[PDB]
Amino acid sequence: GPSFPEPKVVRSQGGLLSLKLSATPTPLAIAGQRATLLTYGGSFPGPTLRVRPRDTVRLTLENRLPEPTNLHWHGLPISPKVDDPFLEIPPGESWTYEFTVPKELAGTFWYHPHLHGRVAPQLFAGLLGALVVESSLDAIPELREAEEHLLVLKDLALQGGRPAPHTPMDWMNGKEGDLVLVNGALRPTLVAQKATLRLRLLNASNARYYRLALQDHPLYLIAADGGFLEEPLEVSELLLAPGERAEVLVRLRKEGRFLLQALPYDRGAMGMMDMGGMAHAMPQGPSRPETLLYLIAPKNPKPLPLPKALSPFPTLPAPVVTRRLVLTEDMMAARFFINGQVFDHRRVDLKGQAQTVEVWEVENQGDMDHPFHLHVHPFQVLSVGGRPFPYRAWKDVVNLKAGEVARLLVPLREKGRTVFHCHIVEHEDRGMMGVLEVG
């Protein structure tokens, strides 16, 4: 096979992507060992779906799991009557998701389960894949001539040839695994053929963070979760929290081997210690550094010039409401709250008007990082921690460190009942989710 493993791509044909996937326990080889994972399409990750604006997607999900499941079309601004977070597909049953890809859309999205209380074990076991909306911007020469790859960042732990079960501590912290994989492979080699790489990045982990750095190189951010930036942004490192996506250009500067690493990052995970008192929670501290892949540069690399511009960000109408959503924790209970409450699918927490813009102030009053996700309605991050964001782009997950306030500009798009929640999916399963109704 190619030195660099990537999921198989399924492309729309004639404007239609019609596909049946099964969600099924699947024996496979993973990281040099045999294991049974839960997969879409018989692979880990699931197949990458590649579409264009105004394509029709018709995806029939067959549930071959022993428990109910469903799909969240993470990041897609479509109707919550399709991206339906309350729908349950029973074992053995099927459901067809059908939607049209919005016209003004580009980037890397993904699909995974969203059946409340069962997301974390289903996502941990292997149920996820990517969806790429390809754009007319892809034809500009500075992107067309780049070498493109998708990197699905997802970790795993195996016990007895199956995904390791969740412990109580895992429900508190979010589960991380010791196998830190790219596209389901352990530290693959990317032997670059071109001097400019375009890398679509997806954090499809339950809880692990990836503080990304490429040895000896900056990265050029060109898209956030839900769309292009207005122009490339040079960064020395890039933090992707669970559920976030980004696209970067890499301009290889000389021949050689360069490690792409997940550098040490402390997200606030907790352990327990007994030091002659009795059992007390103690910080785990920063993650151990991980090598994600080996990047081999071609001979005498001469990277393309960067694009001068990407996509202008829409001018949004003035907002009509300001919301405040406060995140708190009860760590020893593994319970997580928004404005003092746990999720209740019968309770509507926020009511807004379609086609207006709202300002959401989300405040992390906990000690862990929490990556806040809103379904259906992509947002513009104005500031986090009191610092203005350095670019304009559509996002749908925003990471909050302890104490920080994010200010979001939220245009409300499709009508219906949807949700917002922490994308440490264990925290969603344990209550950190609420209901938005748009009318």
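One rule holds for the numbers: they count along the sequence shown, beginning at 1. Rigid core: the largest C-alpha set superposing within 1.5 Å between the two forms.
Would you mind working out which of 97 to 105 and 272 to 280 sits farther from this form in 6 other deposited structures of this protein by RMS C-alpha distance, with the rigid core as the fit?
The stretch that sits farther from the shown form in 6 other deposited structures of this protein is 272 to 280.
Using only C-alpha atoms and the B-factors in the entry, which stretch averages higher, 102 to 110 or 298 to 306?
Stretch with the greater average CA B-factor: 298 to 306.
On mean Cα temperature factor in this entry, is 135 to 143 or 289 to 297 the higher one?
Mean C-alpha B-factor is greater for 135 to 143.
What's the residue among 117, 91, 243, 218 with the greatest CA temperature factor in the PDB record?
Spelled out: the listed residue with the top C-alpha B-factor is 117.
From 177, 126, 227, 165, residue of greatest CA B-factor
Highest CA B-factor of the listed options: 165.
Is residue 48 in the lowest, middle or highest third of its chain when residues are ranked by C-alpha B-factor?
Lowest third.
Within-chain third of residue 355 by Cα B-factor, per the entry:
It belongs to the middle third of the chain when residues are ordered by C-alpha B-factor.
Chain-relative CA temperature factor third for residue 5:
Its C-alpha B-factor belongs to the highest third of this chain's values.
Ranked by Cα temperature factor within the chain, is residue 203 in the lowest third, the middle third or the highest third?
CA B-factor rank for residue 203: lowest third.
Which third, lowest, middle or highest, does the CA B-factor of residue 399 fall in along this chain?
Lowest third.
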